[PDB]
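Working notes, beginning with the structure itself.
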Amino acid sequence: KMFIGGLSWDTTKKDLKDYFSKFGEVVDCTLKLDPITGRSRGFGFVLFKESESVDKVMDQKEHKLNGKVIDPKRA
């Protein structure tokens, strides 16, 4: 699992999970940016299915989803 900081107030587990589907497989992907439930924490989480897939997305944190970069970490 990992932590992705810098999610857009209108992000979702789909656009973030798919954006991360290019690194490997994902069993989970949360997004704390609820623009409707006032539950937007400004970041979400990502949970890949394999270790090699996680290390890859961590090889370069110069990401850019929702039109904004993020902060990938080991949760």
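The count begins at 1 with the first shown residue.
Using N, Cα and C of the backbone, Cβ positions are placed for all residues, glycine too.
Here is what Swiss-Prot records for this protein:
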- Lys22: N6-methyllysine (MOD_RES)
- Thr30: phosphothreonine (MOD_RES)
- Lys32: SUMO2 cross-link (CROSSLNK)
- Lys68: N6-acetyllysine (MOD_RES)
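Distance between Cα atoms for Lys68 (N6-acetyllysine) and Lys22 (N6-methyllysine): 17 Å, as a whole number. Cα spacing between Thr30 (phosphothreonine) and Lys22 (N6-methyllysine): 17 Å, rounded to the nearest whole number. Counting other C-beta atoms within 10 Å of each candidate's C-beta, the recorded positions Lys22, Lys32, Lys68 are led by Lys32. Taking the C-alpha positions, the distance from the residue listed as 'SUMO2 cross-link' to the residue listed as 'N6-methyllysine' comes to 21 Å. In the three-state DSSP scheme, the residue listed as 'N6-methyllysine' falls into the helix class.
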